[PDB]
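A.B. asks: Provided hereafter are the protein sequence and its experimental coordinates.
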Amino acid sequence: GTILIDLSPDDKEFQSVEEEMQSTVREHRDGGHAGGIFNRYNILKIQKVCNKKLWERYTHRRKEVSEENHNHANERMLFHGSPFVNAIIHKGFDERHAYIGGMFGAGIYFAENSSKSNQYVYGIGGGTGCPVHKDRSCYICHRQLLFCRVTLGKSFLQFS
Amino acid sequence: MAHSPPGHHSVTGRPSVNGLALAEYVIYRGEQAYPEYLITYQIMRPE
Ligand SMILES: Cc1ccc2c(c1)sc1nncn12
Ligand SMILES: [Zn+2]
């Protein structure tokens, strides 16, 4: 039941999502191995994802978490990068979008740095890169990220 | 999928070496995230 609404570059909503994308680029300790060498993006398109069922699924669980945490969902806007971005917008997040070998265990990982999620768009550590050129640093191929509403509730704080 | 630590709904990976890094987050329930924006982009070759 998903529909994608294309946002106008002149829309303030497009503009503030582009700004969160652009302003949260950082340098990576891998010097660009996984996600490529760049300081900024060419944003080609921003679509709002609309699914009644996946939204009601989300707000049901958000109410449960806030009631367990002094009416505080502790909701964030976080970046997610995956080669299964098309299955995620259609069927929502589930066990099959977990990273099983992750530092914090088998879960769904999100990032405050867009450039961190960018490392995961072609797979774990950028996989073998873009499907067409096998280039983890491809400046040609179109990449996709999700900007997601994430309910954190009571977060367990793990230091590096 | 695993479960959150007892008493907790998520983990926060707080960076503690890299000065410039921001946080990573993990949830253990798919229902605890909604994908609101699909962004199509290219990375840009610097000067
Ligand atoms: C370990 C790990 C795995 C995947 C992942 C992160 C961290 S942060 C992020 N943003 N999109 C995907 N991911
Ligand atoms: Zn390519």
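C.D. replies: Arrived safely, thanks for sending. Numbers count the residues shown, from 1 in each chain, chains lettered A, B, ... in the order given. Ligands and ions are numbered 1, 2, ... in the order given.
A.B. asks: The residue sitting furthest away from the middle of chain A: which element?
C.D. replies: Taking CA atoms, centre = their mean, the residue of chain A most remote from its mean C-alpha position is residue A:70, at 27.3 Å. For residue A:70, there is no host helix or strand (DSSP states H and E).
A.B. asks: so how far is ligand 1 from the closest residue to residue B:14 other than its chain neighbours?
C.D. replies: Spatially, and ignoring its direct neighbours in sequence, residue B:14 is nearest to residue A:159 (5.3 Å; CB to CB, 6 or more residues apart in numbering or on different chains). Every residue, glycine included, has its C-beta placed from N, CA and C. Residue A:159 sits at a distance of 16 Å from ligand 1 (criterion: CB to the nearest ligand atom, to the nearest Å).
A.B. asks: burial of residue A:159, as a residue count?
C.D. replies: 9 (other CB atoms under 10 Å in any protein chain shown).
A.B. asks: Please look at it and residue B:17 and confirm they touch.
C.D. replies: No. The criterion here is CB atoms under 8 Å, and residue A:159 misses it with residue B:17 at 9.6 Å.
A.B. asks: just the strands in chain A please.
C.D. replies: Ranges of strands in chain A, per DSSP state E, are A:3-6, A:41-50, A:75-80, A:108-111, A:143-151, A:155-159.
A.B. asks: Can you tell me, leaving aside adjacent residues, what's nearest to residue A:2?
C.D. replies: residue A:51 (4.5 Å).
A.B. asks: Could you do residue B:35 as well?
C.D. replies: residue A:146 is the one closest to residue B:35 (CB to CB, 6+ apart), at 4.3 Å.
A.B. asks: just to revisit the earlier point, for the strands of chain A, state which one has the densest average packing.
C.D. replies: Mean neighbour count (mean count of other CB atoms under 10 Å in any protein chain shown) peaks for strand A:108-111 among these, with a mean of 25.
A.B. asks: Please see if that one touches ligand 1.
C.D. replies: Yes. Strand A:108-111 comes into contact with ligand 1 (CB under 6 Å from any ligand atom), by way of A:109, A:110, A:111.
A.B. asks: Distance from that strand to the middle of the chain?
C.D. replies: Once both centres are worked out by CA atoms, centre = their mean, to the nearest Å, strand A:108-111 turns out to sit 7 Å from its chain's centre.
A.B. asks: what do you get for stretch A:6-21?
C.D. replies: That offset, for stretch A:6-21, works out to 16 Å (CA atoms, centre = their mean).
A.B. asks: now swap in stretch A:36-47 and tell me
C.D. replies: Relative to its chain's centre, stretch A:36-47 lies at 14 Å (CA atoms, centre = their mean).
A.B. asks: Check which helices and strands the strand ranked longest in chain B is in contact with.
C.D. replies: Secondary structure of chain B per DSSP E: the longest strand is strand B:33-43. Applying 3 or more CB pairs under 8 Å, 6 or more residues apart in numbering or on different chains; DSSP states H and E, we find strand B:33-43 packed against helix A:12-23, strand A:41-50, helix A:52-67, strand A:75-80, helix A:85-91, strand A:143-151.
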